[PDB]
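The numbers here are math on the coordinates, done by the rules we state, and not lab data. We place every Cβ from the backbone using ideal geometry, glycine too, and count neighbours over all the protein chains shown.
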Amino acid sequence: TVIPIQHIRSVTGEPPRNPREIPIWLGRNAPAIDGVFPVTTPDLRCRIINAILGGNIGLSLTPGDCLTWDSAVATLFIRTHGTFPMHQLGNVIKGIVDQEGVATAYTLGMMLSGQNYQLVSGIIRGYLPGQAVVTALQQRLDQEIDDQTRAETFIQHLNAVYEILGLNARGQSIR
Amino acid sequence: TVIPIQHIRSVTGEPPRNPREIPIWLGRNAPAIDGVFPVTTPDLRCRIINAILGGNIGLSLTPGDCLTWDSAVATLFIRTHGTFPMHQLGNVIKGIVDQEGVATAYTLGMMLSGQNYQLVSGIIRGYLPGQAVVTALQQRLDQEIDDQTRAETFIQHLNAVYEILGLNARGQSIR
Amino acid sequence: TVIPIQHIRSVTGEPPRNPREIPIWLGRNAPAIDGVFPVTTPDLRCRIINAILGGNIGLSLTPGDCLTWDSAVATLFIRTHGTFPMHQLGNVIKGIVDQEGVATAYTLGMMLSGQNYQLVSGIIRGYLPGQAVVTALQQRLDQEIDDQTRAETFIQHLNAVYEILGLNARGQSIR
Amino acid sequence: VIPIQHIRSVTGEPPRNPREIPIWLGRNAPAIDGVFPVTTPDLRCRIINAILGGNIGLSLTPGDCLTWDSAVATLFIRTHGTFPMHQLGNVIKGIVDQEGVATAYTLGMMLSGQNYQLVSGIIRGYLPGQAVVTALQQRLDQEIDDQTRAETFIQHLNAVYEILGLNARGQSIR
């Protein structure tokens, strides 16, 4: 098939000039692309990403690297920053909860970490937006069964608590 | 399918950057978008809404949210204002009347509240432009059968009463 | 049934801000609109007009008001200038006669008036080029049998008189 | 002969500013019901008209005195000029600062025709402190249905306030 690239490329806009800014820009603009043209297979995700980023032979992915949008955004992260050691996962995540907030940072941290729920849960508990959140979120995760259900229910609970207290995603009050 | 996003995005234009102006922006382009393309299934509402919002943070919808234009417009309110829309319907209606006019504020009024003629009718009757109009408009709406008949014939009547007195949608004299 | 709004805007341009300048802009650009995408019913004409004027609820039309590109134009002029705006209709016509000439002033005036032969006829007869034309034109239109027939054979007779005297469209000589 | 003086001892003299007469009647209504039993709409109309003394402007007829809520709501339209539900959020915000959350729930429900969802949502925004909002919601969520939550809201607020050392007006011991 031929893909409607001129339309996709009018909805997203030009990708930023600093290539360290590219891997998060692609996460923000994913739902838009799925709107214009529903992306079903890894192939079609690759075809779409490769055309948008144009002349960068640097950042060209294959079908292996992009099963899901979250794989692509991680692969593109490792290239533009470099693989870093365990003790530096702190400064990567804090840097992101400041720009995009906890839900983005949890999903990327769980991906740059080989799904280490005990590590990435622990780090995110220091950058939550006030003590009353830290405590309310804890109780919900606590009364789950094991760590595997806690990993898959995290963002559900985070947002439920953020709703009650009436915060936006960036984690600031809007009332 | 593929949605005709080139066209839909000409009716609509580019969205406001102040992100608690968005539910009212999408609220008053919804009637036009439905003319230029038949949006039937919640999957297509979600696809269209997500395409025309572009790269904005926390503001993609799910097909769960987008069952009716109302439900969507209420959900984008909750994620921006923090509160439910129907805990401040008064302040929102008054704010629109002052910029856009009665017939605008009536329309968004019954999106936000959820087609509650009684309440929105009563909040508007407050902000009509002069005592004379209020009495005029009332005797037309008292000669319909049901409150179902009155919620179709409300703009038709306001537009007839404004002709007689010589006012101009935004509620200023032509004379 | 996708109404191709992007193409229609490519030909007409963007409508003005000051909504007093909309009813004439729509009459002028009408035969272009209709060449890109040919309308057939009132239904479609409504859907096209509302989509062009965009997110404007105040100047929204219904199928009732759109039997013809003239009926639509007339309805908008009464919402913006009010009924019996005879000093303003005097002023919009005098303006055109100077830029365009009398055969253009006639058709735009008759469109904005709801095809009011008696009113517009009267206004134009004060802006013709000199006493001899007025008298020559009148003698021809008086031989005609009813007012429907005068409105049909007005641009016809004005041309015949202008040709004899050796004037061009703008009422300046070519001898 | 209706025993007006016992009712006058509990209530007191009406407030001078016409705008605060509707809230005053709502706060004094539960105490009047305990001291003297009111069983008919007609008896209620005679008691309210005597308590306000000679106010011909705010006189109520037997039809609008069916329930204490209907009487308080009618006085609001005569004193302010707008129906209450149109501006409920502002009215609840005024009562919370002057009197407290418990007064706002009782008077907010009388003006809102017993709507739990609207009153509970408006009050949650003005509750004192983030901890109070989270603790109260957990207790209310356990209850089986909206009717049961409505009956136990004041009891569950008093328990949370006692644990966090807050007075009725929400001022901390620290």
- Note on the structure: Considering region D:74-117, residues that are among the charged types (D, E, K, R) and part of a helix (DSSP H, G or I), and then whichever is nearest to the other protein chains (Cβ to nearest Cβ), we arrive at D:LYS93
- So, in region A:147-159, of the ones that are away from chain B (no Cβ under 14 Å) and among the β-branched types (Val, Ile, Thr), which residue ends up surrounded by the most Cβ atoms within 10 Å (Cβ to Cβ)? A:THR153
- Query: Is it the case that region A:37-47 has a residue that's within 11 Å of another protein chain (Cβ to nearest Cβ) and within 19 Å of B:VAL2 (Cα to Cα)?
  - Reply: yes
- Item | Residue list for region B:81-103, restricted to those being touching a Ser or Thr at 6+ places or on another chain (Cβ under 9 Å), surrounded by fewer than 19 Cβ atoms within 10 Å (Cβ to Cβ) and among the β-branched types (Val, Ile, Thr) | none
- Here are some residues: D:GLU151, D:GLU99. Which one is within 28 Å of B:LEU89 (Cα to Cα), without any contact (Cβ under 8 Å) to a residue 24 or more places away in the chain, out of contact with any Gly (no Cβ under 9 Å at 6 or more places or on another chain) and not hydroxyl-bearing (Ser, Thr, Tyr)? D:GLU151
- Query: Filtering region A:11-21 down to residues that are closer than 23 Å to C:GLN6 by Cα and without any contact (Cβ under 8 Å) to a residue 24 or more places away in the chain, which residue is surrounded by the most Cβ atoms within 10 Å (Cβ to Cβ)?
  - Reply: A:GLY13
- For region C:160-175, name all the residues that are exposed (fewer than 12 other Cβ atoms within 10 Å of the Cβ) and outside any loop (DSSP other than H, G, I, E, B). C:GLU163, C:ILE164, C:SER173
- Message: Between B:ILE33, B:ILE8, B:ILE52, B:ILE24, which is part of a helix (DSSP H, G or I), more than 14 Å from chain A (Cβ to nearest Cβ) and crowded, with 18+ Cβ neighbours inside 10 Å?
- Response: B:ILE24
- Message: Being more than 14 Å from chain A (Cβ to nearest Cβ), buried (at least 20 other Cβ atoms within 10 Å of the Cβ) and acidic (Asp, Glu): is that true of B:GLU144 here?
- Response: no
- Query: Tally time: how many residues in region D:1-53 are acidic (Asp, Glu) and under 17 Å from D:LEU111 (Cβ atoms)?
  - Reply: 1
- Message: Condition (residue is closer than 19 Å to D:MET85 by Cβ, within 19 Å of the chain's Cα centre (by Cα), assigned to a helix (DSSP H, G or I) and free of Cβ contacts under 8 Å to residues at least 60 places away in the same chain) applied to region B:128-141: is it met by at least one residue?
- Response: no
- Task: Kindly provide the set of residues from region D:55-80 that are surrounded by fewer than 11 Cβ atoms within 10 Å (Cβ to Cβ) and closer than 16 Å to D:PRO18 by Cβ, ordered by number.
- Result: D:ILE56, D:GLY57
- For region C:55-73, which residues satisfy the criterion of being in contact with a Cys (Cβ under 7 Å, 6 or more places away or on another chain) and either more than 18 Å from C:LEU112 (Cα to Cα) or at the interface with chain B (Cβ under 10 Å from one of its Cβ atoms) (or both)? C:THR62, C:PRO63
- Note on the structure: Among the residues of region B:104-121, the number that are more than 28 Å from D:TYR126 (Cβ to Cβ), crowded, with 19+ Cβ neighbours inside 10 Å and polar (S, T, N, Q) is 2
- Message: Condition first: of a type outside the set (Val, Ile, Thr) and more than 13 Å from the chain's Cα centre (by Cα). Now tell me which residues in region B:70-93 satisfy that.
- Response: B:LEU76, B:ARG79, B:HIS81, B:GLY82, B:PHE84, B:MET86, B:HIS87, B:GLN88, B:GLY90, B:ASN91
